[PDB]
**Student:** 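Before we start, here is the structure in question, set down as structure tokens.
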Amino acid sequence: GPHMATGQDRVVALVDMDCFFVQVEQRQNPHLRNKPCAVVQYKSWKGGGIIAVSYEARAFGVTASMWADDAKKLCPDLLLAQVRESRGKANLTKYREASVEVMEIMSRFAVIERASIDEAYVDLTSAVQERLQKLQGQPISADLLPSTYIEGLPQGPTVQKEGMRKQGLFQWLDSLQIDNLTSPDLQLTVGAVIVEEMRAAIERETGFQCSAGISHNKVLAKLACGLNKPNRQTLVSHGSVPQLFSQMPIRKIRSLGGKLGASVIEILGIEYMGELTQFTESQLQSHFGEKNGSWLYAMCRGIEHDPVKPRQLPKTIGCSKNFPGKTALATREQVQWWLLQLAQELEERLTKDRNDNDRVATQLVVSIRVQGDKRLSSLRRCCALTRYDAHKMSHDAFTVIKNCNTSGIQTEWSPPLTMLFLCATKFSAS
DNA sequence: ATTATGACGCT
DNA sequence: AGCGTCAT
Ligand SMILES: Nc1ncnc2c1ncn2[C@H]1C[C@H](O)[C@@H](COP(=O)(O)OP(=O)(O)OP(=O)(O)O)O1
Ligand SMILES: [Ca+2]
Ligand SMILES: [Mg+2]
């Protein structure tokens with residue numbers, strides 16, 4: 001009852017760029033705007049691999065993780081922009097730099113957690129308290145929420161999507177008690193007003209559109225964000241959770257899309273998030289462990305406590321290349337040449353990072369895959385990173401991996417390497 | 001031959 | 001530390 005926490009203490013948003021690498025390429029090349037188009041890396045094998053797809057192209061069934069030759073079968077007029085290649089490998093610098101543009105704008109409104117190259121969580125609790133005082137018990141006009149959906153509404157006693165959006169928004173606003181400054185529903189609504197302003201700023205200042213979710217925690221904000229993509233934002237209230245979760249496949253919730261989520265389904269014989277409410281906390285802990293069980297018990301009631309971490313910058317800087325099929329590295333000189341290529345890109349990115357962000361990486365992680373294994377990594381080894389020098393780093397990497405060579409002859413490499421990976425970690429202020 | 005990343009958990 | 005899981 002009165003002592004039952006409801007997880008309504010925070011306002012959290014998740015902002016996610018729409019079709020992000022495609023938008024980056026469309027800004028650069030106006031010929032690609034408002035077209036079925038996709039971003040592809042490499043080209044020789046099956047036309048290259050698609051890694052981002054415009055919404056126009058998605059209408060034809062084009063997806064990421066699709067080969068371009070196959071995408072062209074669904075969409076003959078599909079336009080393609082290629083990822084830059086430098087030192088023999090895909091180079092994602094243009095997209096990392098575009099990401100920084102967006103992250104810096106978001107950071108003006110609140111402290112953010114960089115969750116991926118194109119999305120960030122925002123803890124808006126304090127900003128909402130501030131705006132609430134400015135409002136002075138003035139109602140929130142629908143005009144302040146021009147791209148906002150209220151999940152679950154409209155209900156009860158219609159043809160158009162925009163019309164339905166407004167219907168729901170009006171029901172929501174009509175029901176708001178604005179004179180309670182601690183009403184969670186009101187707090188979320190003010191949060192949504194701020195996120196409209198944030199999203200407007202991102203589009204004005206970069207040209208990029210995005211979607212967003214507003215709720216009381218990260219998992220609900222993430223889920224909310226996806227409900228109305230692209231170029232829209234969605235408010236998921238605490239009250240909307242029972243209906244939302246009653247038909248929500250467990251795999252849709254962040255962290256449950258893999259083996260754990262499959263085990264929840266199998267072990268408990270359920271399909272939807274809402275069905276979890278019928279188990280005790282101890283029951284869930286018994287199957288999924290203490291931490292997961294407690295997390296699931298709260299999460300299925302819309303409650304989660306994971307904080308928005310104040311972290312705008314990536315904690316690691318890495319460089320990776322696959323050498324599939326027949327291109328696998330079977331000679332020592334091959335291995336050394338590619339380690340150098342990776343190390344040269346790494347040095348470039350590290351030197352820029354040190355200048356921009358006043359920090360230095362202190363640990364180099366070297367990872368390889370050997371033909372045969374279908375684990376992503378076959379072996380991971382760390383060594384000290386004491387200087388930002390590509391030849392030193394590539395020589396050090398070679399030293400820590402050279403023992404994996406089963407070949408009795410040392411010019412040859414067996415089994416051939418199907419992946420190399422260099423990663424700089426353990427930053428210290430500088 | 002679903003590539004190139006990046007964070008966090010376990011032991 | 002090195003490995004695994006999950007994610008974009
Ligand atoms: N598996 C991947 N491999 C390589 N790059 C990826 C992968 N997934 C995502 N990316 C890149 C390309 C995407 O434009 C970008 C952001 O990912 P993501 O948010 O999942 O999709 P998206 O921004 O392209 O479309 P959406 O509008 O659905 O968010 O990160
Ligand atoms: Ca996105
Ligand atoms: Mg994303």
Side-chain angles (χ1 to χ4, degrees), chain A residues 14-21 39-53 63-71 82-96 99 113-121 218-219 222 225-226 251-263 288-292 295 306-309 311-328 341-342 345-346 349 363-369 371 373-384 400-401 418-427:
Chain A
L14 180 277
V15 180
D16 182 84
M17 307 305 292
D18 297 332
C19 57
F20 184 45
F21 288 14
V39 171
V40 66
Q41 57 187 4
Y42 304 123
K43 218 73 174 229
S44 303
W45 186 265
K46 296 178 167 299
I50 293 186
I51 60 171
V53 185
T63 68
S65 84
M66 186 165 278
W67 297 114
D69 288 347
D70 295 333
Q82 297 189 247
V83 174
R84 171 176 158 199
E85 282 174 53
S86 304
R87 309 181 195 78
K89 67 179 296 294
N91 188 297
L92 308 173
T93 298
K94 187 197 299 183
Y95 314 107
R96 289 194 185 96
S99 178
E113 177 179 347
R114 179 195 197 272
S116 78
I117 197 164
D118 86 323
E119 81 202 79
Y121 293 94
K218 291 202 288 184
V219 163
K222 176 60 179 187
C225 182
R251 67 176 176 277
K252 301 307 185 171
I253 276 65
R254 192 248 283 168
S255 84
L256 298 184
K259 289 175 187 184
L260 176 61
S263 80
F288 309 115
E290 189 170 6
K291 181 168 144 288
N292 285 334
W295 185 85
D306 189 26
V308 177
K309 296 164 192 53
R311 189 188 47 85
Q312 191 180 344
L313 308 167
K315 299 193 190 204
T316 55
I317 297 186
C319 294
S320 165
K321 185 160 178 46
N322 287 357
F323 302 95
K326 248 152 148 270
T327 71
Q341 299 322 289
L342 286 181
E345 179 186 326
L346 189 56
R349 287 166 56 193
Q363 184 176 80
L364 178 77
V365 178
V366 187
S367 184
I368 67 189
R369 190 177 176 196
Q371 190 154 64
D373 198 334
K374 157 189 192 100
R375 299 177 299 170
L376 164 141
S377 169
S378 299
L379 169 133
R380 224 170 151 93
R381 297 276 200 269
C382 70
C383 70
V400 316
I401 70 163
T418 50
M419 185 272 292
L420 301 177
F421 167 85
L422 294 180
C423 186
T425 68
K426 299 191 161 168
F427 288 95

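Just so it is clear, the values below take in all heavy atoms, side chains as well, and ignore hydrogens, waters and symmetry mates. In the text below, chain A, chain B and the rest are named by the order of the sequence lines, each starting its count at 1.
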**Student:** Here's a test of your reading of the structure: between A:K89 and A:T327, which maps to the more 5' nucleotide of DNA chain B?
**Tutor:** A:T327

**Student:** Please find the earliest and latest nucleotides of DNA chain B, in the 5' to 3' direction, that have an atom within less than 4.0 Å of any heavy atom of chain A.
**Tutor:** B:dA1 to B:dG9

**Student:** Between A:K89 and A:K321, which heavy-atom pair has the shortest distance, and what is it?
**Tutor:** CB-CD, 3.8 Å

**Student:** Do you see a donor-acceptor pair shorter than 3.5 Å between the side chains of A:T418 and A:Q371?
**Tutor:** no

**Student:** What string of B, S and - do you get for nucleotides 2-8 of chain C, 5' to 3', when a contact is any protein heavy atom under 4.0 Å?
**Tutor:** SSSSSSS

**Student:** Under 4.0 Å, heavy atoms only, any strand: does A:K321 hit a base, just the sugar-phosphate, or nothing?
**Tutor:** sugar-phosphate

**Student:** Remember a base hit wins even if backbone is also touched, and classify A:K291 as base, sugar-phosphate or nothing at under 4.0 Å, heavy atoms.
**Tutor:** sugar-phosphate

**Student:** For a quick check of understanding: with a heavy-atom distance under 4.0 Å over all strands, which category does A:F421 fall into, base, sugar-phosphate or nothing?
**Tutor:** nothing

**Student:** If every non-hydrogen atom of A:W295 is compared with every non-hydrogen atom of A:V219, which pair is closest and at what distance?
**Tutor:** CZ2-CG2, 3.8 Å

**Student:** Looking for any heavy atom pair under 4.0 Å, which part of the strands does A:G318 touch: base, sugar-phosphate only, or nothing?
**Tutor:** sugar-phosphate

**Student:** Looking at residues at least two apart in the chain, or sitting in another chain, which of them share a side chain to side chain contact (heavy atoms under 4.5 Å, CB included) with A:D69?
**Tutor:** A:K46

**Student:** Ignoring hydrogens, what is the shortest heavy-atom contact between A:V53 and A:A64? Give both atom names and the distance.
**Tutor:** CG2-N, 3.6 Å

**Student:** For the atom pair CG (A:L346) and CZ (A:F421), what is the distance rounded to the nearest 0.5 Å?
**Tutor:** 9.5 Å

**Student:** Nearest-nucleotide wise, let me know which of A:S65 and A:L342 is further upstream toward the 5' end of DNA chain B.
**Tutor:** A:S65

**Student:** Working to the nearest 0.5 Å, report the span between CD1 of A:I51 and CZ of A:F21.
**Tutor:** 5.0 Å

**Student:** Nearest 0.5 angstrom please: A:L92 CG to A:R349 CZ, how far?
**Tutor:** 7.5 Å

**Student:** Evaluate the ring planes of A:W45 and A:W67, with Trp represented by its six-membered ring, and classify them as parallel (under 30°), tilted (30 to 60°) or perpendicular (over 60°).
**Tutor:** perpendicular

**Student:** Pick the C1' atom in C:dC6 and in B:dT2, then give their distance to the nearest Å.
**Tutor:** 16 Å

**Student:** Tell me what A:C423 touches on the nucleic acid: a base, only sugar-phosphate, or nothing, going by heavy atoms under 4.0 Å.
**Tutor:** nothing

